[PDB]
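Before any questions on binding or motion, here is one chain by itself as structure tokens, the form deposited in one PDB entry.
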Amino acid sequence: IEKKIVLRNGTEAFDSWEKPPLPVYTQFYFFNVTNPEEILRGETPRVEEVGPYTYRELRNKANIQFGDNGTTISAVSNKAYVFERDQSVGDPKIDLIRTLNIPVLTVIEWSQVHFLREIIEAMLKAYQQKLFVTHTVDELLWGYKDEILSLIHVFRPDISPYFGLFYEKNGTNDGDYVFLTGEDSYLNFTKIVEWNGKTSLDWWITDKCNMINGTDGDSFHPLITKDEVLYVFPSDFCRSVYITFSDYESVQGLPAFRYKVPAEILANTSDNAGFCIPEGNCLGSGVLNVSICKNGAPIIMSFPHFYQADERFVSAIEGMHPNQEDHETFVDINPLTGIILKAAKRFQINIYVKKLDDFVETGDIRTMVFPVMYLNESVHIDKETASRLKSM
């Protein structure tokens, strides 16, 4: 019986959960817009993939507190990103990327939703902004000071003058989780019970879609069987998902089940209609409008190169060539212990753009989901730790 895989102060499983020994790497890839003026004149966008920009992660748990006679545990998961120049295609503090002006699109979308409408319209009218802007990779990723945000900031101090895809996400966590250890049962090991105090979400339509299912995805319950389905809640993705068995794999000298994210997760279906806000009206198979949880910005999640998506999402942006092996999302789990031996968590950030008559910033741009940057967050078990695990 494997009941030593339980988060108790004394077991080695707890120490690995507290301080993950395996290094995790996130790699950023950007889409450099080659014809901005022609896009504003209503022509088909043309982009170039640029990457990787590889960062090593520093993971740990903090504010660790037990409870309920040892059945529950609460903590926060801090995550930092240390840059690796030699594992990267270039220096991000020099390498420039030309892409959409996300701050102006954000505040344009705010104004259309009547949030600081007069102030935004006034500033935009006085200070002309460009729809396409060029910044360094370090700026786009970890923040830069924007004009319009700075002007709004003087009127509304709560509004940040700086914008970045991962702004202030270095050396920080993503809410206060409370997990469930495997004391009551091994099946509900590292299972999330609440997040930021609440037992479920409240920005999707159906109660079904707002449920917090499964684990964070850093580990799974022991003794996994081929037939079952594993639920994951990635906070950044703003919904629970699930992964199904694909095929058999061996990592080092260890057995592993290859579990992937299936097409059903972002499919245009009734099960996923609840995610399509407001009136159950969806953009199409293979995307997720996450504007509600990204503070009103017109941000659309997808898989890299619109993998597992409607063909028209690929035809809209010249430069998207999706294949399985490069863009799928998979995880190799040791069935016995439920430990991730290898994985590639991959997702893409897009921006919803459309022509506006009230705005000449938009020109005559087409209505489309415009890709900005996607990543590969990956892990791989090394020989020393694998051989350590192999013994048990």
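What we label the rigid core is the largest C-alpha set whose atoms superpose within 1.5 Å from one form to the other. Each residue number is its position in the shown sequence, starting from 1. Shifts are known only where both forms have a C-alpha.
From this point on, the text means the form deposited in another entry, which you will not see here.
Taking the core as reference between the shown form and the other one, the lone member of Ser185, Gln112, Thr71, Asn268 whose Cα moves by 2 Å or more is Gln112. Annotation: Cα of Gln128 displaced by at least 2 Å between the shown form and the other one, core superposition. If you compare C-alpha positions, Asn281 and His114 are 3 angstroms or more farther apart in that other deposited form than in the form on display.
Between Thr362 and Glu118, the Cα distance is smaller in that other deposited form than in this structure, by no less than 3 angstroms. Taking a Cα shift of 2 Å or more after superposition on the rigid core as the cut-off, the single stretch of three or more consecutive residues that moves between the shown form and the other one is 112-128.
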